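Asks: Okay, here's the structure, questions in a sec.
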Amino acid sequence: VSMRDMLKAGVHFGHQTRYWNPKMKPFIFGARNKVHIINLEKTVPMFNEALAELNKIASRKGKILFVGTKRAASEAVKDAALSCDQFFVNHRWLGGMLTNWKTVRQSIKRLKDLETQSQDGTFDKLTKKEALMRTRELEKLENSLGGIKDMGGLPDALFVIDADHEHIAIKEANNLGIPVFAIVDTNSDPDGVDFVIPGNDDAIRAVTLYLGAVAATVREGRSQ
Amino acid sequence: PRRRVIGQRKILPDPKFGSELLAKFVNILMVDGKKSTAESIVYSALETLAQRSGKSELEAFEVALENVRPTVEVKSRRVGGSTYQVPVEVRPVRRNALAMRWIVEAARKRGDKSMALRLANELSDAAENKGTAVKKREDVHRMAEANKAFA
Amino acid sequence: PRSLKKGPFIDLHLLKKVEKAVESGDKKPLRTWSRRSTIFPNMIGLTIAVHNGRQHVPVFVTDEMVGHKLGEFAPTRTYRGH
Amino acid sequence: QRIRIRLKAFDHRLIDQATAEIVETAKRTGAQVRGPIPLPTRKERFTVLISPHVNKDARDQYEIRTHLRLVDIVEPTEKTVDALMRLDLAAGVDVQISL
Amino acid sequence: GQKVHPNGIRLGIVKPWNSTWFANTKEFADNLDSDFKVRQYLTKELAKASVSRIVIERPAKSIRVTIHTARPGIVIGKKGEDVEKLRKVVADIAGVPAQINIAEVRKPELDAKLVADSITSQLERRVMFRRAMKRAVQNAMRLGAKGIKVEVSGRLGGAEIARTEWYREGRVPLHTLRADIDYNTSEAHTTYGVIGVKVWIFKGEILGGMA
Amino acid sequence: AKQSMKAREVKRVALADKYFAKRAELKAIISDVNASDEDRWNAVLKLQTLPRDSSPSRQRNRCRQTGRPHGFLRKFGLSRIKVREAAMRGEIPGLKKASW
Amino acid sequence: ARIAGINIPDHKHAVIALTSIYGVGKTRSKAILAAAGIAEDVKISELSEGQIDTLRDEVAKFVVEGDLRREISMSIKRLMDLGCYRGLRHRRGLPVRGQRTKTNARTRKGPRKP
Amino acid sequence: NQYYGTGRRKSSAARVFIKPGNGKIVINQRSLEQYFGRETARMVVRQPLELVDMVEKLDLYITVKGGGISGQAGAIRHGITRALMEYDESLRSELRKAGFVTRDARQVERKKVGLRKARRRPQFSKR
RNA sequence: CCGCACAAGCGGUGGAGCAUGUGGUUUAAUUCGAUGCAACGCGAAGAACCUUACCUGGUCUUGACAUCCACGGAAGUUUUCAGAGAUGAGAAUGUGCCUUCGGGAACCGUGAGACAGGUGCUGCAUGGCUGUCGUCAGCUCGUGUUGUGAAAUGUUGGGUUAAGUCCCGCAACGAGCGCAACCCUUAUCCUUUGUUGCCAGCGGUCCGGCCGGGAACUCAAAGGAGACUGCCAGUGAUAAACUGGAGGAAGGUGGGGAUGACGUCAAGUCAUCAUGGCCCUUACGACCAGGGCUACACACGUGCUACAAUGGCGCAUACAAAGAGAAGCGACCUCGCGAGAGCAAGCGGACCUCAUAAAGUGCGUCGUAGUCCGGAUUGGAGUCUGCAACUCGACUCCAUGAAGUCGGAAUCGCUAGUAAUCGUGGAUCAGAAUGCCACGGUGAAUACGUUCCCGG
Ligand SMILES: [Mg+2]
Ligand SMILES: [Mg+2]
Ligand SMILES: [Mg+2]
Ligand SMILES: [Mg+2]
Ligand SMILES: [Mg+2]
Ligand SMILES: [Mg+2]
Ligand SMILES: [Mg+2]
Ligand SMILES: [Mg+2]
Ligand SMILES: [Mg+2]
Ligand SMILES: [Mg+2]
Ligand SMILES: [Mg+2]
Ligand SMILES: [Mg+2]
Ligand SMILES: [Mg+2]
Ligand SMILES: [Mg+2]
Ligand SMILES: [Mg+2]
Ligand SMILES: [Mg+2]
Ligand SMILES: [Mg+2]
Ligand SMILES: [Mg+2]
Ligand SMILES: [Mg+2]
Ligand SMILES: [Mg+2]
Ligand SMILES: [Mg+2]
Ligand SMILES: [Mg+2]
Ligand SMILES: [Zn+2]
């Protein structure tokens, strides 16, 4: 992504000067209208160097977890993961999604069992109310673990939108040593992101730019 | 009824007079589910109410009802912390129901050698504002108005 | 009450004893556990002890007593008030 | 001139299996079977205390539902009653063949 | 907090009876009296043959009793000569020509009777009850169960007080009628007294009634 | 209960059994009209001489399994107690808890 | 009227008026009436001597009034002096037909005591 | 053509013959009026026919054993309504808003253990 | 925040009579346990004998019941005397069977000890079973995270639900035992099915579905469909849900059951049984007869019937369901006022019988009274069952006609087919229901509310 490509999308935009985090000073161009302005001169090379690492991970058969819980951007992140055959979390992050992997696997098994059971049959054997209740549970599990049913094991890389909002995920990752790739607004604490991208995390246009560029490079890394 | 407000079930009207207020009235006169003997009494009373007490029986029924139905009530609660004789006003359905109660037991306290005779006689005397349950209706407006000092 | 068709009930050992007594003239007041049997015109001028649970109680049977059973003369309970 | 086969049992399952078997057997002899007639099942109720001592109020209620069926053949031919004597059934069922 | 016999309620639903003959009232009491007596005689006899289930069904002209055990050859002895003599003693104790037959059990640690009685036997061996019931549940769940519960009550290890305890593992849904819950009870006569043992095994759900 | 009672009952049954014919015919004689009015008399006399514990009314239903008189269920011939466990285990065929 | 009795029948239906006679219940009453063949609804009024005589004669057929009380009195009396058990209970004024002396025997017992 | 009443109710029993071209009611081979000694019964049964005002357009012949008077009356009322719908198919809404196809299931209660009556508890004495 | 907790109501209880339990006292003994809620129509689903364990007395000692050893006898039947019977005392009759001839089976008796026997003690030694809190919604764990750790979190908050029910918030995520639901039954429609059930349309009828005849309807019972907040609108974070509407037999877990978490009270039961331990053993064991449990100055609880014209009585006349039955249910006919009897049909029962529902309805009657209300109590005489109705049964008939005229303080139960009233059946049982458990008929009032009451 080129600085012009970002700037038109508005990547330079930030939170209010009232709400910023201390470690973000190096990445901040300045202030206008009491608004923090992010410096694309740092943003572009760091994003490119992160894309290099993401391409490397995906080119060694890496499993990638796209992470974002914004109600606006949930579907964008889900489609972003689907466009590169990867795994995602688009609904509220659940504590222990990575650290409590065994429980998630048991929940994955129940979701797999319910979908297999409906195809196999025995719903007719169940009472119509009972069969409907089983369908409701299957729908709820599909809404929740739709992205990670096929992750199989712990992912090899994480992509995070608004790292401050998803702070539990990054704490878990660091506890596991799983690398964190994150779009970091001025209000976030950048310590947990090993490849940090400072940029707007709310705006739909810039978020979609991040996701599309990452997914293009991930498909490229897969293709070899 | 701490969770739902429940009252009377939806009554069905007395067929031969098409109205339900009389159906409620006989549900007041009922004793041990013996509808038949009850409604017999209400009819045998409204008849001679019509004759010896001026015509239009289905109508004089309620004109007496008005002469006996009270307006002021008292629901003495611990609204101020203890027993205090508080005057209040109660919605009309409870009002006409209690009016029915007042007239019916008043009927049960006249004897008159016949039950329908008692009912008719007292209901007429009510339509004249000179009777038995009307005495305590004036008395209920004495009692609901006697200790209105503090609610 | 006993049905008329069956007739008055008496146990045979009382029959033996009373007929022996009558043929044998006045005899010792005979002893019995049978409150059941009824009084007959035979047992007249006799006296007889019936076993109340505590002890046998003598009764000089007379005529108007006929028909009634023995047990109506041996009160099987004691009481004097409080 | 008739052969009435009245069956009693304890579960509709076995009673109906037996009826099916016997009527198809009638169809083996070309009989004139009456398709099985369910009759009122009887319910023996039993209310019984459970606490050995003191608690009469505590109780339990069991019940025997004896199911009943009626089958008939209107033309008694030997070729029927032979197989009608070749019948094997579960111990749960009671049969009443009556000319 | 007293429960209800988990076997009884699931009768007809998923649990068949242990006696399937039919009769009228005239011959009813004595009928179950007879089959009770044969049950008792048998349970005295084959105590070493790991017997679990015993069902009496009586055809109109004969009676036939069936045995589910884990020690088939034991019951059969040789040429069923012990089986044949049992057939004789039952035919006379039932006063009807009998015909006994056995249907062994494959998962002896997976039915409630065998495990409960093994427990109570080891209890008579004065082994430690705790490790005992633990081995029980371990073998059970290991073998492929879905739930096991054991409960031992009364004067544990000879304690001068009745320390009733229990253990649960897996899943045992007691309020779900359609659930396959095998359940049984047995008893140990210690020097110090008598101690009760209850056992539940849940092999999962079945769908579609008794069939 | 006390096996004395169980044996007492079985003996009562044996008695009231063997004497059945004599009881029946003497019953006939006493009941029927046209008796000689002493044939009836001597008949009631000879009757009361028979073993007192030969009247069937002397018998008392007793739980066969536990020898208890109360709680008897004529249909199963058991106490109200023994029938319960006998059911829950599944011996009484077709028996089950009702709900209706 | 007198009707050969100390008591006088009330002015009511004949069956009610004649039940006033002691020892005469309803069955006995209508037995008298049909025995005289007199209707049921007549009062002691509207019934001249021509029928009163018939009534008196037909009722004199049954022991009534003073004679009856004496008879029952003698029954009870000889019961007591028989020394018979029920005669005893009559002397002690308690129920004689096998009721409860534990509780609620007050009918014969009478009023209450602490 | 043929339009029938046949009413059971809480295990009541009654049979009825409805037919266009004349209006009359006869019960149990007895005339309607002399049978249902309580008029309210003749009312509750005539109510659906009077509501549609077809009283004199089709006659009924009933005969009733099983159930009590009021139950039988309700049963034959519901049966009349069944038949009216059976007949014109047009009276669905009118009749339902009259509340006649309700088919109430208000039954008696299985008398429950330790209770004087079903839903009636013995008079326990605190004191 | 909940609960028939209060309020709102209906009906009671507390007064009377009686039935039943209990405690007290008496007794020869008045068997034993059950003791606030959660004992007191409780164990007992049924004490005349029996039961029965309790008293008086009569008895017995390897024994009433079991195994062993012997020794003898068929086994038995019928019959006599004494006795109150237990029992003794007999006399006759039979004296058999498999036997390879010894015996065995068979019982029966005698002896012999090993032994039986105990409703004797301890539910504070126990198992089992059960109540209770409470059908209350809770109770926990794995894993994770946090903390040095004890631990916390989950499970809290925001809502919402009958519900730890659901939803969002939420380092928790999941789960388990619960809740729910799978089970029964009930309310609507579809399957064969027509018998002993049915009778629409057909023919006859004696008018009786009775009889041809029908298979439709009712049913009967198998299998099924059906309701899901599914639909619309509102409300609400759009969340969950809630309100309303539509449709529909059925609407918001449709109704009612069954179903009782972890635990709580050394709760109850050693007299159901089982059982540690102690205690009895010519006796705390065993047998018989009679007696008691049914006792009268009392007290307490539970009930029944009442006190009346919404009534009583007569007359007619209606109007159900669910059951039971072969030492049984027992029709019809006769007899009896009746309780009943005789005769004897049918029925192991969709067939026959119990067994004709009562309240209702129609007419007349009574005129407000201790009454034609009430029926207690006594008198007299019967009936049935049962060896046997004195103690101490049920029922009929005649006669008698108490107290009672709505019941202090106090208190109870009930939210719909409920309450209240009316009958019906059953278990137990020779007989002995006002109890218990079911069945239907008729069929209400009221619930503003959560201030309080109590409890949670
Ligand atoms: Mg229970
Ligand atoms: Mg014993
Ligand atoms: Mg008896
Ligand atoms: Mg009389
Ligand atoms: Mg109130
Ligand atoms: Mg009282
Ligand atoms: Mg006692
Ligand atoms: Mg004791
Ligand atoms: Mg009770
Ligand atoms: Mg005795
Ligand atoms: Mg205890
Ligand atoms: Mg909350
Ligand atoms: Mg949470
Ligand atoms: Mg549930
Ligand atoms: Mg539903
Ligand atoms: Mg709706
Ligand atoms: Mg204790
Ligand atoms: Mg105790
Ligand atoms: Mg007693
Ligand atoms: Mg039957
Ligand atoms: Mg009277
Ligand atoms: Mg009812
Ligand atoms: Zn941001």
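Ordered as shown in the structure tokens, chains take letters A, B, and onward, while each chain numbers its residues from 1 and ligands are numbered from 1 in the order shown.
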Please identify all residues of chain F having at least one atom at most 7 Å from any atom of chain I, considering only C-alpha atoms (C1' of nucleotides), and return them as a ChimeraX atom specification.

Replies: /F:3-4,7,48,52,55,57-60,66,68,70-71,81,99-100

Asks: Which residues are near segment 84-98 of chain D? Cut-off 7 Å, only C-alpha atoms (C1' of nucleotides), ignore same chain within fewer than 3 positions. Put them as a ChimeraX atom specification.

Replies: /D:3-10,15,18,80-81 /E:20-22,57-59

Asks: Would you mind exporting N, CA, C and O atoms of the selected residues as a PDB file, in the first residue's frame?

Replies:
```pdb
ATOM      1  N   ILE D   3     -64.679 -69.451  14.289  1.00  0.00           N
ATOM      2  CA  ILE D   3     -63.590 -69.624  15.241  1.00  0.00           C
ATOM      3  C   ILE D   3     -63.154 -68.255  15.728  1.00  0.00           C
ATOM      4  O   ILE D   3     -62.557 -67.468  14.982  1.00  0.00           O
ATOM      5  N   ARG D   4     -63.490 -67.954  16.973  1.00  0.00           N
ATOM      6  CA  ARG D   4     -63.140 -66.698  17.604  1.00  0.00           C
ATOM      7  C   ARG D   4     -61.877 -66.865  18.429  1.00  0.00           C
ATOM      8  O   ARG D   4     -61.777 -67.760  19.270  1.00  0.00           O
ATOM      9  N   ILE D   5     -60.906 -65.992  18.187  1.00  0.00           N
ATOM     10  CA  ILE D   5     -59.616 -66.059  18.850  1.00  0.00           C
ATOM     11  C   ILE D   5     -59.475 -64.776  19.647  1.00  0.00           C
ATOM     12  O   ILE D   5     -59.233 -63.708  19.078  1.00  0.00           O
ATOM     13  N   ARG D   6     -59.655 -64.872  20.947  1.00  0.00           N
ATOM     14  CA  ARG D   6     -59.575 -63.719  21.818  1.00  0.00           C
ATOM     15  C   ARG D   6     -58.247 -63.728  22.555  1.00  0.00           C
ATOM     16  O   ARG D   6     -57.879 -64.719  23.183  1.00  0.00           O
ATOM     17  N   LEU D   7     -57.510 -62.628  22.459  1.00  0.00           N
ATOM     18  CA  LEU D   7     -56.166 -62.570  23.013  1.00  0.00           C
ATOM     19  C   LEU D   7     -56.088 -61.509  24.094  1.00  0.00           C
ATOM     20  O   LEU D   7     -56.628 -60.412  23.937  1.00  0.00           O
ATOM     21  N   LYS D   8     -55.412 -61.844  25.179  1.00  0.00           N
ATOM     22  CA  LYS D   8     -55.059 -60.885  26.209  1.00  0.00           C
ATOM     23  C   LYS D   8     -53.547 -60.808  26.278  1.00  0.00           C
ATOM     24  O   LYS D   8     -52.859 -61.756  25.900  1.00  0.00           O
ATOM     25  N   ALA D   9     -53.028 -59.680  26.748  1.00  0.00           N
ATOM     26  CA  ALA D   9     -51.591 -59.532  26.914  1.00  0.00           C
ATOM     27  C   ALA D   9     -51.324 -58.318  27.787  1.00  0.00           C
ATOM     28  O   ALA D   9     -52.249 -57.675  28.288  1.00  0.00           O
ATOM     29  N   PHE D  10     -50.047 -57.999  27.960  1.00  0.00           N
ATOM     30  CA  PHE D  10     -49.639 -56.904  28.823  1.00  0.00           C
ATOM     31  C   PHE D  10     -49.107 -55.689  28.093  1.00  0.00           C
ATOM     32  O   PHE D  10     -49.159 -54.593  28.646  1.00  0.00           O
ATOM     33  N   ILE D  15     -48.971 -57.790  21.772  1.00  0.00           N
ATOM     34  CA  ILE D  15     -50.316 -58.189  21.390  1.00  0.00           C
ATOM     35  C   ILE D  15     -50.530 -57.934  19.910  1.00  0.00           C
ATOM     36  O   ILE D  15     -51.098 -58.767  19.194  1.00  0.00           O
ATOM     37  N   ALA D  18     -48.545 -60.420  17.765  1.00  0.00           N
ATOM     38  CA  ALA D  18     -49.225 -61.705  17.732  1.00  0.00           C
ATOM     39  C   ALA D  18     -50.429 -61.662  16.812  1.00  0.00           C
ATOM     40  O   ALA D  18     -50.668 -62.605  16.050  1.00  0.00           O
ATOM     41  N   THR D  80     -57.363 -74.381   8.406  1.00  0.00           N
ATOM     42  CA  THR D  80     -57.050 -73.270   9.294  1.00  0.00           C
ATOM     43  C   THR D  80     -56.607 -73.774  10.658  1.00  0.00           C
ATOM     44  O   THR D  80     -55.507 -73.458  11.126  1.00  0.00           O
ATOM     45  N   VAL D  81     -57.459 -74.566  11.312  1.00  0.00           N
ATOM     46  CA  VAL D  81     -57.248 -74.895  12.717  1.00  0.00           C
ATOM     47  C   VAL D  81     -55.951 -75.661  12.916  1.00  0.00           C
ATOM     48  O   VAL D  81     -55.366 -75.627  14.004  1.00  0.00           O
TER      49      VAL D  81
ATOM     50  N   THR E  20     -41.834 -62.038  32.087  1.00  0.00           N
ATOM     51  CA  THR E  20     -42.667 -61.651  30.961  1.00  0.00           C
ATOM     52  C   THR E  20     -43.843 -62.577  30.720  1.00  0.00           C
ATOM     53  O   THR E  20     -44.527 -62.424  29.707  1.00  0.00           O
ATOM     54  N   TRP E  21     -44.082 -63.541  31.592  1.00  0.00           N
ATOM     55  CA  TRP E  21     -45.255 -64.379  31.440  1.00  0.00           C
ATOM     56  C   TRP E  21     -46.509 -63.583  31.751  1.00  0.00           C
ATOM     57  O   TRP E  21     -46.448 -62.524  32.375  1.00  0.00           O
ATOM     58  N   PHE E  22     -47.650 -64.099  31.313  1.00  0.00           N
ATOM     59  CA  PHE E  22     -48.919 -63.494  31.678  1.00  0.00           C
ATOM     60  C   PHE E  22     -49.787 -64.490  32.436  1.00  0.00           C
ATOM     61  O   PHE E  22     -49.672 -65.704  32.270  1.00  0.00           O
ATOM     62  N   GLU E  57     -39.906 -66.415  32.173  1.00  0.00           N
ATOM     63  CA  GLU E  57     -41.058 -66.315  31.302  1.00  0.00           C
ATOM     64  C   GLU E  57     -41.699 -67.685  31.211  1.00  0.00           C
ATOM     65  O   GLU E  57     -41.025 -68.685  30.970  1.00  0.00           O
ATOM     66  N   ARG E  58     -43.021 -67.737  31.391  1.00  0.00           N
ATOM     67  CA  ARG E  58     -43.699 -69.059  31.437  1.00  0.00           C
ATOM     68  C   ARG E  58     -44.682 -69.240  30.283  1.00  0.00           C
ATOM     69  O   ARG E  58     -45.738 -68.578  30.304  1.00  0.00           O
ATOM     70  N   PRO E  59     -44.401 -70.110  29.287  1.00  0.00           N
ATOM     71  CA  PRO E  59     -45.388 -70.445  28.254  1.00  0.00           C
ATOM     72  C   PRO E  59     -46.504 -71.237  28.953  1.00  0.00           C
ATOM     73  O   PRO E  59     -46.327 -71.625  30.085  1.00  0.00           O
TER      74      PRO E  59
END
```

Asks: Work out how far apart atom CA of residue 83 of chain H and atom CA of residue 5 of chain H are and give it in Å to one decimal.

Replies: 6.6 Å

Asks: List as a list in words the protein and nucleic acid residues near residue 71 of chain H, meaning an atom at most 7 Å away when only C-alpha atoms (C1' of nucleotides) are counted, but skip any in the same chain fewer than 6 places from it.

Replies: residues 9, 10 and 12 of chain H

Asks: Name all residues at most 8 Å from residue 37 of chain C (count only C-alpha atoms (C1' of nucleotides); drop same-chain ones fewer than 2 positions away) and give them as a list in words.

Replies: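 Surrounding residues, per the criterion: residues 9, 10, 11, 14, 34, 35, 39, 69 and 70 of chain C.
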
Asks: Which chains and residue numbers are within 12 Å of ligand 11, counting only C-alpha atoms (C1' of nucleotides) and all ligand atoms, if I want them as a count of residues only?

Replies: 16

Asks: Which chain D residues are at most 9 Å from chain F (counting only C-alpha atoms), as a list in words?

Replies: residues 10, 11, 45, 46, 48, 49, 50, 51, 52, 60, 61, 62, 63, 64, 65, 66 and 92 of chain D

Asks: Applying 10 Å and only C-alpha atoms (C1' of nucleotides), which residues near residue 84 of chain B remain after dropping the ones on its own chain fewer than 2 positions away? List them as a list in words.

Replies: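 Residues near the query, excluding close chain neighbours: residues 74, 75, 76, 77, 78, 79, 80, 81, 82, 86, 87, 147, 148, 149, 150 and 151 of chain B.
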
Asks: For residue 3 of chain C, which of F:5, F:14, F:30, F:21 is the closest residue, counting only C-alpha atoms?

Replies: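 When distances to residue 3 of chain C are compared using only C-alpha atoms, the smallest one comes from F:30.
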